[PDB]
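Novice: Please find one structure pasted underneath; my questions will follow.
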DNA sequence: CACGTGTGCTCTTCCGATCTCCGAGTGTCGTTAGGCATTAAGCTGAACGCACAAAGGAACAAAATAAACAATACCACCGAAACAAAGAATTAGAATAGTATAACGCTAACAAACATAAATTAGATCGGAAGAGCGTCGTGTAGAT
DNA sequence: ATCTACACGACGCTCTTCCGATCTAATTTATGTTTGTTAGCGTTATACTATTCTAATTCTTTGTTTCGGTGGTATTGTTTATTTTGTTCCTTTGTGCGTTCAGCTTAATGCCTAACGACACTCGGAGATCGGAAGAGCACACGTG
């Protein structure tokens, strides 16, 4: 009765329309074709920097789950303070 | 001691700004850079010295310590090593 | 035991923000061994002034958008439009807040 | 009163950096009400490792520059050349330290 | 049965009625104002604490809060805040 | 007659002789290493203090220092530092 | 046929997603991406749903601010199209590389 | 016939020399009077320690050198070798100071 | 392009020195030893929420296609900036001198910590309603031709 | 000038989130006592300011002349708008159980206080790496054959 699932190559879920809309909010009119893989790598290293701090925050708490407060503290640690999730 | 200074921004000269630019690796410098750089240095110095005069006014002193400049730079995220 | 008349410390200073809670959060926040009596009154007055400065522009954004209720978009519109509140909250992300309507002048059509 | 043999806490851990002074600076630094016994030993070991990591490259810069004495230029050369010490000290200014010799490849002559 | 979730929600509601008696507020905007007050309290209190640590005082007094407000808040906000603070300190010391 | 100006100068001199027994150091470089130790002590101690404040503990323990080192120091430095810290903690607990 | 000119509905999308306040990434790709990334630091990691919402809001805000800086760095180079060198220059002047 | 170099050669030599050396590049006597002029806006009759004006000089020089490094990056990005006012303004925009 | 010319830096060598290395007090701050308060570790039941699963609608994503517009490559010209010799001028360094101020040292008053009881206030818990989210028709704006 | 696709605008239909009423714990405050922190005043020495003199280093003027920016022209990939068909995401409906999470103990541990002594700081001399100067040599920028 075990179905342990380990994930692989989920960086392609952030689609090119989903990145074009994120650039549309920032005010970008023309987006080159080479933008999307660089943007996925930038988002992946940003999430690595945030998630490593959050997993460190939540294993100092001896919890197996990641709360939203751990993400808030991991974002304040890097000077990217987030409002709307506690604090 | 009745002394008030004015327009000392020209004392930092264009040959004294070309060396500051060539330490940073700038090969060529246009001519509008100099008054702009005097203004940029002026607004940076007004921020840091306003923080330092606030730090030494809280200390009830009439002189500015080097530690007040160090703390005024630490407050802006520009930590300085060499003065305490 | 019979006391005198009870009166909160936020009512003596004419404040809406709690003086006692800010004194408690200063004493249990590990800032110093001692906290003076004028410190929570001063800090609560500064916090009430800042929260009123935010809400007085957020209500104006809500009234400009024909709305009788403040949403996070109104708080973002109040913060990023003020010249000097944007220096206080330049490194702050607001959830469900969006960005200002801001198209560069070179991107507009000809 | 006659005691046992005196032995510093930095000698029990095999450290050069003082355990007692770091414990004093932690207790009088307003960080918590309590500081555990392994905290100053751990922090002094981390500080001695970091100071040795700095000086082991500063001495190499001094020996590369035919010098038997460390100046601030050698500390700046040790910090900004290491890949991971530059992340720890990216927002730090060193006095009399200068910059790295760093000319961009487009500025070099043809 | 659980822990009481302390907040700043009733005070932002009290201030909003003094400013706009016709305008309501959401729950998301109330949480954002909660984090706003909780962040600027942390900024001012930490910078006043390091002000007390620099001058080797062991007391955070109204002077330290005033100097921290002058260091942190920019421009017009700092002098309006020190007026709002000093007038409240005098109104509290008269009573 | 005046106050004794406490520093970290003899310990940077003790460590330099373990590393480079032929190389001396200046006074300016000694002050820079002094400010270096005094700045990273402040970083690690403040971040361990807010770690203890988040999890509502009232004690900064070796776990908080280890987590603060893992949060602050990047890459290879963090694991070399937690080795250097844990081995010193075991060597201190054996004695 | 009523094909528009290139960039017109791009400008309308600029105005619409600047007016909007929603999330632009779908929640199901982003949840699996965070679950993939967090495995390398600890395996069998359950997430609060609000934590993945906070990661999504912060990642989208980071990317929108980086695209604003990228658009400025591309306008400075006398272009309207953002390029990966513009992202690199923005990340370098910002102090991340 | 006299001897003249080409434009950029002595500039590159001074780049290597001032990157190699650690001396201050502005004279101390203009800087003392400029700091004394600036501080009169906030408080008059302010004495200064010599070390305080020295720390201000090192920090201001380091800030200007780092800004000129970012300015040179932003000018190389614009397919130019000289630095212009828009390069300084772009570097200060991306840095998030103005 | 490829070889002679002349310059800037480097290299080698020698002399004061001033900055560094060691020696001798000496307060002061770390170490040690009990002893006491208290914080965190371990075990456990409730339930909260997270993971996994199914099914259908749809909403968004993927793929093909015409094409319009933007990046880039190249070239001509100007105008501005670097380089350099010379004189001015302003800065640097030592030296006198005067002294505001700041860093000490007592002194005390006053302001803040601590404890306890009373009670007022804020958070949780429901519940009624009203701003709003959304579906349908209207003119206007505005963009393409 | 004309036509058509969004986009707000008005109206209406549920709705769900916001606002009011109640209940209770818990956190604030009133009063008093005790302590220990910082303001007040005096002093000294010291470092800051002001000033003279001469040296001398750097700033400013001006005359080249080189090359880099800047505008303009052309071309070819290439990004965008659009339509259609999967495809998977969202929404709901259900289940099971794993991991928070509060609660109750007590064991280890850190704080406290005081005595003692080793250590780092300050002062004070001795020397030696080094800053500066003389002379020569090579890398190298640059200019004719």
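By Swiss-Prot numbering, chain G shows 39-135, in order.
Recorded method for this deposit: electron microscopy, 3.2 Å.
Cβ from N, Cα, C; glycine included.
This is the feature table in Swiss-Prot:
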MOD_RES   G:42  phosphotyrosine
MOD_RES   G:57  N6-acetyllysine
MOD_RES   G:57  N6-glutaryllysine
MOD_RES   G:57  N6-lactoyllysine
MOD_RES   G:65  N6-(2-hydroxyisobutyryl)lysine
MOD_RES   G:80  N6-acetyllysine
MOD_RES   G:80  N6-glutaryllysine
MOD_RES   G:87  phosphoserine
MOD_RES   G:108  phosphothreonine
MOD_RES   G:123  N6-succinyllysine
MOD_RES   G:123  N6-(2-hydroxyisobutyryl)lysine
MOD_RES   G:123  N6-(beta-hydroxybutyryl)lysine
Novice: Express the distance between the Cα positions of residue G:123 (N6-succinyllysine) and residue G:65 (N6-(2-hydroxyisobutyryl)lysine) as a whole number of Å.
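Specialist: With distance taken Cα to Cα, residue G:65 (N6-(2-hydroxyisobutyryl)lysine) is 29 Å from residue G:123 (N6-succinyllysine).
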Novice: Applying an 8 Å Cβ threshold (strictly under) against chain H, tell me which of the modified residues G:65, G:80, G:123 fall inside, in sequence order.
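Specialist: Going by the Cβ criterion (under 8 Å to chain H), the qualifying modified residues are G:123.
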Novice: Tell me whether residue G:57 (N6-acetyllysine) sits in a helix, a strand or coil according to DSSP.
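Specialist: For residue G:57 (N6-acetyllysine) - judged by DSSP and reduced to three states - the answer is helix.
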Novice: For the modified residues G:87, G:108, which Cβ has the most other Cβ atoms within 10 Å, all shown protein chains included?
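Specialist: Answer returned by the neighbour count: G:108.
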Novice: Under 8 Å Cβ-Cβ to chain C, which of the modified residues G:57, G:80, G:108?
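Specialist: In terms of proximity to chain C, the modified residues that count are G:57, given in sequence order.
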Novice: In Å, rounded, how far does the Cα of residue G:108 (phosphothreonine) sit from the Cα of residue G:87 (phosphoserine)?
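Specialist: A Cα-Cα distance of 31 Å.
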Novice: Can you tell which of G:57, G:123 has the most other C-beta atoms within 10 Å, given these are the modified residues?
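Specialist: Per the Cβ count, the most surrounded site is G:123.
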Novice: Quick one: give me the count of other CB atoms within 10 A of the CB of residue G:42 (phosphotyrosine).
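Specialist: Result for residue G:42 (phosphotyrosine): 9 other Cβ atoms within 10 Å.
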Novice: Going by DSSP, is residue G:80 (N6-acetyllysine) part of a helix, a strand, or coil?
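Specialist: Looking at the DSSP assignment, residue G:80 (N6-acetyllysine) belongs to neither helix nor strand, so coil.
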Novice: Quick check for the class: what is the C-alpha distance, in angstrom and rounded, between residue G:80 (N6-acetyllysine) and residue G:65 (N6-(2-hydroxyisobutyryl)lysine)?
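Specialist: Approximately 22 Å lies between the Cα of residue G:80 (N6-acetyllysine) and that of residue G:65 (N6-(2-hydroxyisobutyryl)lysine).
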Novice: For residue G:65 (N6-(2-hydroxyisobutyryl)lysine), write down the residues of its own chain that are at least 6 apart in sequence and whose Cβ falls under 8 Å from its Cβ; none is a fine answer.
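Specialist: In sequence order, G:90, G:91, G:94 meet the Cβ cut-off.
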Novice: Hey, what's the Cβ neighbour count for residue G:80 (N6-acetyllysine) at 10 Å?
Specialist: 15
Novice: Chain A sits near which of the modified residues G:57, G:65, G:80, counting only a Cβ gap under 8 Å?
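Specialist: Correct list, in sequence order: G:80.
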Novice: Cα-Cα, whole number of Å: residue G:87 (phosphoserine) versus residue G:57 (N6-acetyllysine)?
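Specialist: That comes out at 26 Å between the alpha carbons.
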